[PDB]
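**Q** Okay, so here is work-v1.cif, and as you'll see once you scroll down, it has mmCIF, C-alpha atoms and all ligand atoms.
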data_query
loop_
_atom_site.label_atom_id
_atom_site.label_comp_id
_atom_site.auth_asym_id
_atom_site.auth_seq_id
_atom_site.Cartn_x
_atom_site.Cartn_y
_atom_site.Cartn_z
CA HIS A 1 5.38 -2.76 19.04
CA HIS A 2 5.82 -6.58 19.41
CA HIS A 3 3.98 -7.67 16.12
CA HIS A 4 7.19 -8.84 14.24
CA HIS A 5 6.45 -12.58 15.04
CA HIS A 6 3.31 -12.39 12.74
CA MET A 7 5.63 -11.53 9.78
CA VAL A 8 4.32 -12.85 6.40
CA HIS A 9 6.26 -13.06 3.09
CA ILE A 10 4.34 -10.81 0.66
CA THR A 11 4.82 -10.98 -3.14
CA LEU A 12 3.28 -8.70 -5.78
CA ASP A 13 0.61 -9.97 -8.22
CA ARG A 14 1.69 -8.86 -11.80
CA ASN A 15 -1.84 -9.45 -13.13
CA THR A 16 -3.32 -6.69 -10.89
CA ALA A 17 -0.64 -4.11 -11.76
CA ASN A 18 -1.32 -0.94 -13.75
CA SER A 19 0.27 -1.50 -17.20
CA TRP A 20 3.07 1.09 -16.55
CA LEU A 21 4.44 -0.77 -13.48
CA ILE A 22 7.63 -2.82 -13.46
CA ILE A 23 7.62 -5.65 -10.87
CA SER A 24 11.03 -7.23 -10.13
CA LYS A 25 11.76 -10.91 -10.91
CA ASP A 26 11.51 -11.80 -7.16
CA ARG A 27 8.03 -10.04 -7.06
CA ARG A 28 9.29 -7.99 -4.04
CA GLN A 29 9.83 -4.54 -5.70
CA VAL A 30 7.69 -2.29 -7.92
CA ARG A 31 8.36 1.02 -9.69
CA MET A 32 6.73 3.33 -12.28
CA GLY A 33 8.10 2.77 -15.79
CA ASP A 34 8.40 5.71 -18.23
CA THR A 35 5.88 4.01 -20.66
CA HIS A 36 3.37 1.15 -21.06
CA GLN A 37 5.18 -2.10 -20.14
CA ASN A 38 3.87 -4.14 -23.14
CA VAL A 39 1.35 -6.34 -21.21
CA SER A 40 -2.23 -7.23 -22.30
CA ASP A 41 -5.17 -5.53 -20.53
CA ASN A 42 -7.35 -7.56 -18.10
CA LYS A 43 -10.24 -6.78 -15.70
CA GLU A 44 -7.89 -7.06 -12.62
CA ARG A 45 -5.50 -4.17 -13.59
CA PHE A 46 -5.86 -0.83 -11.85
CA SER A 47 -6.40 1.47 -14.90
CA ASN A 48 -6.18 5.08 -13.58
CA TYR A 49 -3.44 4.92 -10.90
CA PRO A 50 -0.01 3.26 -10.40
CA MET A 51 -1.46 0.55 -8.08
CA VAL A 52 -0.82 -3.18 -7.55
CA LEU A 53 -1.99 -5.84 -5.06
CA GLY A 54 -0.09 -8.50 -3.12
CA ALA A 55 -0.83 -12.10 -4.23
CA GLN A 56 -1.67 -13.20 -0.68
CA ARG A 57 -5.32 -13.16 0.55
CA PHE A 58 -6.09 -12.96 4.29
CA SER A 59 -9.48 -13.92 5.83
CA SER A 60 -8.34 -14.65 9.47
CA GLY A 61 -5.42 -14.18 11.92
CA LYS A 62 -2.73 -11.65 12.50
CA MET A 63 -0.32 -10.55 9.70
CA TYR A 64 2.65 -8.13 9.63
CA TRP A 65 4.90 -6.88 6.81
CA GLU A 66 7.27 -3.96 6.08
CA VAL A 67 7.67 -1.72 3.03
CA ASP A 68 10.67 0.49 2.09
CA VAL A 69 9.66 4.02 0.85
CA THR A 70 13.17 5.59 0.78
CA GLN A 71 13.41 8.82 -1.30
CA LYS A 72 9.79 8.73 -2.52
CA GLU A 73 7.72 11.93 -2.65
CA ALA A 74 4.32 10.18 -2.98
CA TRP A 75 2.85 6.70 -2.25
CA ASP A 76 -0.17 4.97 -0.71
CA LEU A 77 0.14 1.77 1.43
CA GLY A 78 -2.15 -0.56 3.36
CA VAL A 79 -4.72 -3.29 2.67
CA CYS A 80 -7.90 -3.52 0.68
CA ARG A 81 -10.79 -5.86 -0.05
CA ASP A 82 -10.20 -8.35 -2.85
CA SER A 83 -13.39 -6.88 -4.52
CA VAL A 84 -12.27 -3.19 -4.75
CA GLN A 85 -13.04 -1.31 -7.98
CA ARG A 86 -10.11 -1.50 -10.48
CA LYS A 87 -11.32 0.84 -13.32
CA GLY A 88 -11.94 4.59 -13.33
CA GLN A 89 -11.59 7.18 -10.57
CA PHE A 90 -12.21 6.43 -6.87
CA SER A 91 -11.10 7.65 -3.41
CA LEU A 92 -9.14 5.51 -0.95
CA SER A 93 -11.61 5.10 1.96
CA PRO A 94 -13.00 2.33 4.15
CA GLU A 95 -16.40 2.83 2.45
CA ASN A 96 -14.67 1.84 -0.87
CA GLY A 97 -12.81 -1.11 0.79
CA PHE A 98 -9.37 0.48 1.54
CA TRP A 99 -7.43 0.88 4.84
CA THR A 100 -4.42 3.02 3.83
CA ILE A 101 -2.03 5.86 4.71
CA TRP A 102 -0.13 8.04 2.27
CA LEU A 103 2.52 10.65 1.64
CA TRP A 104 1.46 13.51 -0.66
CA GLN A 105 2.92 17.07 -1.03
CA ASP A 106 5.09 16.86 2.07
CA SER A 107 2.23 15.69 4.41
CA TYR A 108 1.25 12.23 5.72
CA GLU A 109 -2.50 11.40 5.96
CA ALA A 110 -4.70 8.40 6.82
CA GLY A 111 -7.24 7.38 4.15
CA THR A 112 -10.39 8.06 6.16
CA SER A 113 -13.25 10.04 4.52
CA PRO A 114 -12.44 12.83 4.87
CA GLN A 115 -8.68 12.14 5.30
CA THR A 116 -6.96 12.53 8.71
CA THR A 117 -3.70 14.44 9.33
CA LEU A 118 -0.86 12.25 10.68
CA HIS A 119 1.77 13.60 13.16
CA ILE A 120 5.18 12.19 12.11
CA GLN A 121 8.34 13.86 13.55
CA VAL A 122 10.80 11.45 11.79
CA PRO A 123 9.97 10.92 8.05
CA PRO A 124 9.83 7.13 7.63
CA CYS A 125 12.09 5.19 5.28
CA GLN A 126 10.25 1.89 6.13
CA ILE A 127 6.59 1.37 7.19
CA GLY A 128 5.28 -1.65 9.19
CA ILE A 129 1.68 -2.77 8.51
CA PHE A 130 -0.20 -4.95 11.05
CA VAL A 131 -3.64 -6.54 10.34
CA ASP A 132 -5.71 -8.31 13.02
CA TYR A 133 -8.60 -9.77 11.00
CA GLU A 134 -10.74 -10.92 13.94
CA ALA A 135 -10.29 -7.69 15.91
CA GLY A 136 -10.99 -5.45 12.85
CA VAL A 137 -7.67 -3.52 13.21
CA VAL A 138 -5.12 -2.15 10.72
CA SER A 139 -2.11 -0.39 12.26
CA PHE A 140 0.89 1.41 10.75
CA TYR A 141 4.32 1.78 12.41
CA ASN A 142 7.38 4.02 11.73
CA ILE A 143 10.31 1.53 11.54
CA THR A 144 12.83 4.46 11.15
CA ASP A 145 11.58 5.82 14.56
CA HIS A 146 11.97 2.60 16.65
CA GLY A 147 8.53 1.28 15.57
CA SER A 148 6.45 4.25 16.83
CA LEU A 149 2.70 4.14 16.01
CA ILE A 150 1.57 6.18 13.02
CA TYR A 151 -2.16 5.30 12.82
CA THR A 152 -4.72 2.63 13.87
CA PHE A 153 -7.98 1.96 11.99
CA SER A 154 -10.26 0.16 14.45
CA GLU A 155 -13.85 -1.10 14.10
CA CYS A 156 -12.89 -2.09 10.54
CA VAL A 157 -15.64 -3.80 8.51
CA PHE A 158 -13.41 -5.81 6.09
CA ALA A 159 -16.47 -7.56 4.52
CA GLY A 160 -14.25 -9.91 2.47
CA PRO A 161 -10.77 -11.32 1.98
CA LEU A 162 -7.97 -8.70 2.30
CA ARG A 163 -5.02 -8.11 -0.01
CA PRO A 164 -1.87 -6.04 0.59
CA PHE A 165 -2.27 -2.75 -1.35
CA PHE A 166 0.42 -0.51 -2.96
CA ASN A 167 0.51 2.74 -4.93
CA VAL A 168 3.97 3.83 -6.19
CA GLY A 169 2.48 7.25 -7.11
CA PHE A 170 2.83 9.40 -10.23
CA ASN A 171 6.21 10.84 -11.29
CA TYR A 172 5.16 14.19 -12.83
CA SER A 173 7.96 15.86 -10.69
CA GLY A 174 10.87 13.61 -11.76
CA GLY A 175 11.51 13.14 -8.00
CA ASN A 176 9.31 10.06 -7.40
CA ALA A 177 10.84 7.31 -9.61
CA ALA A 178 12.15 5.21 -6.66
CA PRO A 179 10.53 1.80 -6.01
CA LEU A 180 8.43 0.43 -3.19
CA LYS A 181 10.28 -2.63 -1.78
CA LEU A 182 9.03 -5.43 0.49
CA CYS A 183 11.72 -5.64 3.24
CA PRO A 184 13.16 -8.99 4.30
CA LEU A 185 11.93 -10.76 7.48
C1 LIG A 201 -5.04 13.97 -1.38
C2 LIG A 201 -4.30 12.73 -1.64
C3 LIG A 201 -3.63 11.69 -1.75
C4 LIG A 201 -2.86 10.45 -1.89
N1 LIG A 201 -3.55 9.44 -2.68
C5 LIG A 201 -4.81 9.00 -2.05
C6 LIG A 201 -3.70 9.74 -4.12
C7 LIG A 201 -4.18 8.52 -4.89
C8 LIG A 201 -4.56 8.85 -6.32
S1 LIG A 201 -3.14 9.43 -7.20
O1 LIG A 201 -3.53 9.94 -8.48
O2 LIG A 201 -2.11 8.44 -7.14
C9 LIG A 201 -2.67 10.80 -6.19
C10 LIG A 201 -2.45 10.35 -4.75
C1 LIG A 202 -0.47 4.86 -14.70
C2 LIG A 202 -0.69 6.19 -15.28
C3 LIG A 202 -0.84 7.33 -15.73
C4 LIG A 202 -0.92 8.68 -16.30
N1 LIG A 202 0.14 8.90 -17.29
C5 LIG A 202 -0.17 9.16 -18.70
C6 LIG A 202 1.47 9.37 -16.83
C7 LIG A 202 2.22 8.25 -16.13
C8 LIG A 202 3.70 8.58 -15.96
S1 LIG A 202 3.86 9.99 -14.90
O1 LIG A 202 5.25 10.40 -14.87
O2 LIG A 202 3.23 9.71 -13.64
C9 LIG A 202 2.91 11.16 -15.84
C10 LIG A 202 1.48 10.65 -16.00
#
Let me see whether you can do it: turn the structure in this file into structure tokens.

**A**
Amino acid sequence: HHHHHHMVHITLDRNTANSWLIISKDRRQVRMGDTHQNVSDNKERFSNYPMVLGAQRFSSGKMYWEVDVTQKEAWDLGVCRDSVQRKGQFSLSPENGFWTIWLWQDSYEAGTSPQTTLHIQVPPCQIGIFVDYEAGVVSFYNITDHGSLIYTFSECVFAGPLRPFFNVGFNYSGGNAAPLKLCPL
């Protein structure tokens, strides 16, 4: 792909984080802590899952960023509406305002409803995410495999401002403690 020139500097919004997450001082990395991180509750925090939003809001244009997923067993990545549900249980779908892919139990899937099997020959260590607001497109690229396409959501109905979306995943296994990291431009 040739989307690198639309690179944007993403930072994480502490106020949206699940209360177990630890966001680095530079707001570029997030991981699951082993307990509640001693923050007050607020209506923005994702309550049921280890999720956090980027601070940036996008309502036009073309945007590109990259996320490091090295040695993780489970994660979700993409974009979502600013108005997505924060509390209780919900599925990651375009109907609920999410355009995402994930790794779960040794398979990669796109967050359609129902979910779509992805075909990845080279497990990615970094993911590129491209949003074209006007065109209604969200695309995912395998940076480890020379930028190969993973998945394109087209005919997207964003229906609001978009935020970068992250899920570090649970760590029931003891094998998923590693952080998500926003990679430098
Ligand atoms: C099937 C599947 C999948 C991957 N995610 C959509 C979930 C999000 C909720 S969760 O509790 O973080 C488990 C992982
Ligand atoms: C956020 C949240 C939650 C659910 N928890 C009580 C734990 C979090 C740490 S764990 O290792 O994922 C086991 C499940």

**Q** Pick out the residues no farther than 12 Å from ligand LIG 202 (chain A), counting only C-alpha atoms and all ligand atoms, and list them as a PyMOL selection string.

**A** chain A and resi 17-22+31-37+45-52+74-75+87-89+167-178

**Q** Grab the residues selected above and save them as a CSV table (one decimal), in the frame of the given file with C-alpha atoms.

**A**
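The resulting again_25.csv:
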chain,number,residue,atom,x,y,z
A,17,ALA,CA,-0.6,-4.1,-11.8
A,18,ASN,CA,-1.3,-0.9,-13.8
A,19,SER,CA,0.3,-1.5,-17.2
A,20,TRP,CA,3.1,1.1,-16.6
A,21,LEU,CA,4.4,-0.8,-13.5
A,22,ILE,CA,7.6,-2.8,-13.5
A,31,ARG,CA,8.4,1.0,-9.7
A,32,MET,CA,6.7,3.3,-12.3
A,33,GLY,CA,8.1,2.8,-15.8
A,34,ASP,CA,8.4,5.7,-18.2
A,35,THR,CA,5.9,4.0,-20.7
A,36,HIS,CA,3.4,1.2,-21.1
A,37,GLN,CA,5.2,-2.1,-20.1
A,45,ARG,CA,-5.5,-4.2,-13.6
A,46,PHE,CA,-5.9,-0.8,-11.8
A,47,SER,CA,-6.4,1.5,-14.9
A,48,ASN,CA,-6.2,5.1,-13.6
A,49,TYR,CA,-3.4,4.9,-10.9
A,50,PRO,CA,0.0,3.3,-10.4
A,51,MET,CA,-1.5,0.6,-8.1
A,52,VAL,CA,-0.8,-3.2,-7.6
A,74,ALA,CA,4.3,10.2,-3.0
A,75,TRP,CA,2.8,6.7,-2.2
A,87,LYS,CA,-11.3,0.8,-13.3
A,88,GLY,CA,-11.9,4.6,-13.3
A,89,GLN,CA,-11.6,7.2,-10.6
A,167,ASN,CA,0.5,2.7,-4.9
A,168,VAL,CA,4.0,3.8,-6.2
A,169,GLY,CA,2.5,7.2,-7.1
A,170,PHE,CA,2.8,9.4,-10.2
A,171,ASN,CA,6.2,10.8,-11.3
A,172,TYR,CA,5.2,14.2,-12.8
A,173,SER,CA,8.0,15.9,-10.7
A,174,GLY,CA,10.9,13.6,-11.8
A,175,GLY,CA,11.5,13.1,-8.0
A,176,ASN,CA,9.3,10.1,-7.4
A,177,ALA,CA,10.8,7.3,-9.6
A,178,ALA,CA,12.2,5.2,-6.7

**Q** With all atoms listed in the file as the counted atoms, please give the residues lying no more than 9 Å from residue 155 of chain A, apart from itself and same-chain residues fewer than 5 positions off, as a VMD selection string.

**A** chain A and resid 135 to 137

**Q** Just to confirm, what's the straight-line distance from atom CA of residue 151 of chain A to atom CA of residue 100 of chain A in Å (one decimal)?

**A** 9.5 Å

**Q** Given all atoms listed in the file as the basis, pick out the residue of A:70, A:154, A:116, A:144 nearest to ligand LIG 201 (chain A).

**A** A:116

**Q** Between atom CA of residue 108 of chain A and atom CA of residue 76 of chain A, measure the distance and give it in Å to one decimal.

**A**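 Taking atom CA of residue 108 of chain A and atom CA of residue 76 of chain A, their separation equals 9.8 Å.
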
**Q** So which one's closest to ligand LIG 201 (chain A), A:95, A:77, A:126, A:82? Using all atoms listed in the file, please.

**A** A:77

**Q** Could you tell me how far atom CA of residue 4 of chain A lies from atom CA of residue 104 of chain A, in Å and to one decimal?

**A**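 Atom CA of residue 4 of chain A sits 27.5 Å away from atom CA of residue 104 of chain A.
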
**Q** Show which residues sit within 12 Å of residue 121 of chain A, as a ChimeraX atom specification. Count all atoms listed in the file, and ignore same-chain residues fewer than 5 positions away.

**A** /A:107-108,142,144-145,148-150

**Q** Kindly indicate which residue among A:98, A:158, A:133, A:153 lies nearest to ligand LIG 201 (chain A), using only C-alpha atoms and all ligand atoms for the distances.

**A**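 Going through A:98, A:158, A:133, A:153 one by one, the smallest distance to ligand LIG 201 (chain A) is for A:98.
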
**Q** Determine the nearest neighbour of ligand LIG 201 (chain A) from the options A:81, A:129, A:165, A:26, counting only C-alpha atoms and all ligand atoms.

**A**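 When distances to ligand LIG 201 (chain A) are compared using only C-alpha atoms and all ligand atoms, the smallest one comes from A:165.
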
**Q** Between A:139, A:71, A:117, A:152, which is the closest to ligand LIG 201 (chain A) once you count all atoms listed in the file?

**A**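 Of the candidates, the smallest distance to ligand LIG 201 (chain A) is held by A:117.
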
**Q** Find the residue from A:184, A:61, A:179, A:164 that sits nearest to residue 29 of chain A; use only C-alpha atoms when measuring.

**A** A:179

**Q** First collect every listed atom of ligand LIG 201 (chain A); then fit an axis-aligned box around them, widen it by 8 Å on each side, and give centre and edge lengths in Å to one decimal, as lines of an AutoDock Vina configuration file.

**A**
center_x = -3.6
center_y = 11.2
center_z = -4.9
size_x = 18.9
size_y = 21.5
size_z = 23.1

**Q** If we count all atoms listed in the file and set the cut-off at 6 Å, which residues sit around residue 180 of chain A, ignoring sequence neighbours fewer than 2 positions away in its own chain? Please answer as a list in words.

**A**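 My list of contacting residues is residues 29, 30, 68 and 69 of chain A.
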
**Q** Could those selected residues go to a file with C-alpha atoms, as a CSV table (one decimal), keeping the file's coordinate frame?

**A**
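Output contents, as saved in out22.csv:
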chain,number,residue,atom,x,y,z
A,29,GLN,CA,9.8,-4.5,-5.7
A,30,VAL,CA,7.7,-2.3,-7.9
A,68,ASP,CA,10.7,0.5,2.1
A,69,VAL,CA,9.7,4.0,0.8

**Q** How would segment 114-154 of chain A of the given structure read as a file with C-alpha atoms, as a JSON list (two decimals), in the first residue's frame?

**A**
[["chain", "number", "residue", "atom", "x", "y", "z"],
["A", 114, "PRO", "CA", -21.32, -12.76, 12.01],
["A", 115, "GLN", "CA", -17.48, -12.54, 12.08],
["A", 116, "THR", "CA", -15.39, -13.27, 8.93],
["A", 117, "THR", "CA", -12.34, -15.59, 8.80],
["A", 118, "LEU", "CA", -9.10, -13.80, 7.80],
["A", 119, "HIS", "CA", -6.35, -15.56, 5.73],
["A", 120, "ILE", "CA", -2.96, -14.52, 7.20],
["A", 121, "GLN", "CA", 0.13, -16.62, 6.24],
["A", 122, "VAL", "CA", 2.62, -14.46, 8.25],
["A", 123, "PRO", "CA", 1.38, -13.68, 11.83],
["A", 124, "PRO", "CA", 1.66, -9.89, 12.14],
["A", 125, "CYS", "CA", 3.81, -8.13, 14.72],
["A", 126, "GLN", "CA", 2.52, -4.68, 13.56],
["A", 127, "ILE", "CA", -0.88, -3.77, 12.00],
["A", 128, "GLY", "CA", -1.53, -0.69, 9.78],
["A", 129, "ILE", "CA", -5.02, 0.88, 9.93],
["A", 130, "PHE", "CA", -6.26, 3.16, 7.12],
["A", 131, "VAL", "CA", -9.54, 5.18, 7.31],
["A", 132, "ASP", "CA", -11.01, 7.08, 4.34],
["A", 133, "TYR", "CA", -13.94, 8.95, 5.92],
["A", 134, "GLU", "CA", -15.52, 10.23, 2.69],
["A", 135, "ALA", "CA", -15.21, 6.89, 0.87],
["A", 136, "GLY", "CA", -16.58, 4.88, 3.86],
["A", 137, "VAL", "CA", -13.51, 2.55, 4.01],
["A", 138, "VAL", "CA", -11.49, 0.99, 6.85],
["A", 139, "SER", "CA", -8.54, -1.18, 5.76],
["A", 140, "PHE", "CA", -6.02, -3.26, 7.71],
["A", 141, "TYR", "CA", -2.48, -4.11, 6.53],
["A", 142, "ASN", "CA", 0.16, -6.68, 7.67],
["A", 143, "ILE", "CA", 3.33, -4.54, 8.20],
["A", 144, "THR", "CA", 5.40, -7.73, 8.99],
["A", 145, "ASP", "CA", 4.44, -9.07, 5.48],
["A", 146, "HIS", "CA", 5.51, -6.01, 3.39],
["A", 147, "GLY", "CA", 2.14, -4.24, 3.96],
["A", 148, "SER", "CA", -0.11, -6.99, 2.51],
["A", 149, "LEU", "CA", -3.89, -6.40, 2.81],
["A", 150, "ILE", "CA", -5.64, -8.17, 5.67],
["A", 151, "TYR", "CA", -9.23, -6.84, 5.34],
["A", 152, "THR", "CA", -11.28, -3.93, 3.89],
["A", 153, "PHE", "CA", -14.65, -2.80, 5.30],
["A", 154, "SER", "CA", -16.34, -0.84, 2.51]]
